[PDB]
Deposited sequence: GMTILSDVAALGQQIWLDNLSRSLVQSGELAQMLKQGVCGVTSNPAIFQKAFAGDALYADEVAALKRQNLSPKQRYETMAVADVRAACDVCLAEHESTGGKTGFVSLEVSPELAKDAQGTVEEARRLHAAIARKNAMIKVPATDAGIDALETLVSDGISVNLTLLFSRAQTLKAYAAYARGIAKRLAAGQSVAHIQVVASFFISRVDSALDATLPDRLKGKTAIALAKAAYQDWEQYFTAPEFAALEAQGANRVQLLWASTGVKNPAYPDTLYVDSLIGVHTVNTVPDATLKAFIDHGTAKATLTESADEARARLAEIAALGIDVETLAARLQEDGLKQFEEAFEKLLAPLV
């Protein structure tokens, strides 16, 4: 039942909605979710492509924007920034209630910038200013250029959702970049207590890539094992003396955020990823997964259970010749291609 969302919050995990649309906000639905256990919102170019194609409330906005001398990208951005502003306004009471720890809405930069650190910084600063809300996160792919950009954006005081993580090594690089940006602010006498960063680590796409060729005892296990090991890495990094010296001065830890948590194989229960990954974390879920979890999910502190088994599974994955770092790079590049495809699909009707 609905109170499962509050049970998960008491275990220290925020549940966010991995969807956004003009009608979700205008209907009052988002505001009602925010009073009842949903604590934030994520978007991406695929989410916007589907919303723009299906939500009747965009039609008048598109017609208005087609009367102006605007590029397709600026028409899209005007639409998306408006949705994000409106959602931020709905989420603001929640965000302020926790001292700025919850109640975020994320907007992703253009996929074409993913390997361009400077261009990413420029666009992220611009979108942060355009939204003009303290509870907006700019969503940046965790390429090497994205991690360069993360350090700069943190040093500029901007909250960031670093996305398309599939690698424990790349996640640790992101933490180090974050810490460098925080240290820069502290050395400049600037505030850090408002800066929030999440590391969005993708789940289902790992199992989708591997399961058809894995031995039986590993099918449907790899993504969860990677996430469990990533969380162990997180505990170790953020409790170490180096980060503790920053946290003592007001820095916030990065938090892991489980994304791609809709189940994609009907051989697995639809609540598998949400149920299995609860532990200072976030899980962003599509509508149908939120539905399923409310109906028949389980709230238990599962993320840290049986870490020994997670390690043994990852050792067997390596024994089989699956290099999870090679896999992560491929999945990140595939995800960027796919987001670019979705973005080009959404731009075409805006010409």
Report task. Return the ranges of the deposited sequence not covered by C-alpha coordinates, sorted by sequence position. Result -> 280
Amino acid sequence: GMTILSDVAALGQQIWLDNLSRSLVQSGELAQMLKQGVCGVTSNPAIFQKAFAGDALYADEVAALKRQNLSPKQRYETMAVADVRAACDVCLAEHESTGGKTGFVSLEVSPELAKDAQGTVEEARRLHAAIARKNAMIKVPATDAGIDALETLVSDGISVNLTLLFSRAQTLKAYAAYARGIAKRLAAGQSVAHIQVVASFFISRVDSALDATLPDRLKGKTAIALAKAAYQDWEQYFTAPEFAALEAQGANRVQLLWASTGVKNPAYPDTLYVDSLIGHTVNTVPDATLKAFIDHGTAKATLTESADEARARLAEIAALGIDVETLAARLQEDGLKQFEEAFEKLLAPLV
From here on, numbers count along this sequence of modelled residues.
Query raised in the report: Where do the C-alpha atoms have the higher mean temperature factor in this entry, in 130 to 138 or in 213 to 221?
Result: 213 to 221
Report summary line: The stretch whose C-alpha atoms carry the larger average B-factor in the entry, 315 to 323 or 33 to 41, is 315 to 323
Query raised in the report: Per the coordinate record, which of the options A10, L336, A328, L17 holds the highest CA temperature factor?
Result: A10
Requested in this report: For the C-alpha B-factor as written in the entry, point me to the maximum among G262, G146, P111, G250.
Outcome: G250
Report summary line: Here the Cα B-factor of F293, set against its chain, lands in the third termed lowest
Query raised in the report: Against its chain's modelled residues, does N69's Cα B factor rank lowest, middle or highest third?
Result: highest
Query raised in the report: How does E235 rank on Cα B-factor within its chain, lowest, middle or highest third?
Result: highest
Report summary line: Chain-relative C-alpha B factor for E242 (record values, thirds): the highest
Query - Lowest, middle or highest third - CA B-factor, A299 - result: highest
